[PDB]
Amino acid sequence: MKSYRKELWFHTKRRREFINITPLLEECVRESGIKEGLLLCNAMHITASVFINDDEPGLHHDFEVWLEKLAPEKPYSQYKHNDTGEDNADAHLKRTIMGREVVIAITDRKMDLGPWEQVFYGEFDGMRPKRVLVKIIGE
């Protein structure tokens, strides 16, 4: 059985950002040499996400607005997690909505994706070095 592992690192300019990581995953799959298998890609931090959706700026804006509605950043005081000086309680909630991980089929050496599937890193508490894990198993 083959396995492959890679950490992808991010340090976003702002607190929140969506980053299309599809091409990075494509290169992981390619270098793994795995023909058939499963790929896991997950945020290694509990204030960020890996998810699949559209790469369209309007929709990215809509996710920002929606996540702020469902899990508002402010006031910081509304969250007990922030009681001793942290301010990232909302990021733990936002990541929960978008999800921690994707699992993607590898078929004939490629990610087995639909026409509009793109993989994103969803940063909700950035401006510091954070990590995504790619793990592939198969043959």
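Throughout, we count residues from 1 along the sequence that is shown.
**Q** Comparing average C-alpha B factors as deposited, tell me which of 79 to 87 and 45 to 53 sits higher.
**A** Per the PDB entry, the higher value belongs to 79 to 87.
**Q** Rank-wise, by C-alpha B-factor, drop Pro23 into the lowest, middle or highest third of its chain.
**A** Lowest third, going by the recorded CA B-factors of the chain.
**Q** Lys69's Cα B-factor: lowest, middle or highest third of the chain?
**A** For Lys69, the deposited C-alpha B-factor lands in the highest third.
**Q** Test of reading the entry: by CA B factor among the chain's modelled residues, which third contains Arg5?
**A** As the PDB entry reports it, the C-alpha B-factor of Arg5 lands in the middle third of its chain.
**Q** Comparing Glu17 with the other modelled residues of its chain, is its CA B-factor in the lowest, middle or highest third?
**A** Answer is highest: the recorded C-alpha B-factor places it there.
**Q** Looking at the C-alpha B-factor of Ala105, is it in the lowest, middle or highest third of its chain?
**A** It falls in the bottom third of the chain.
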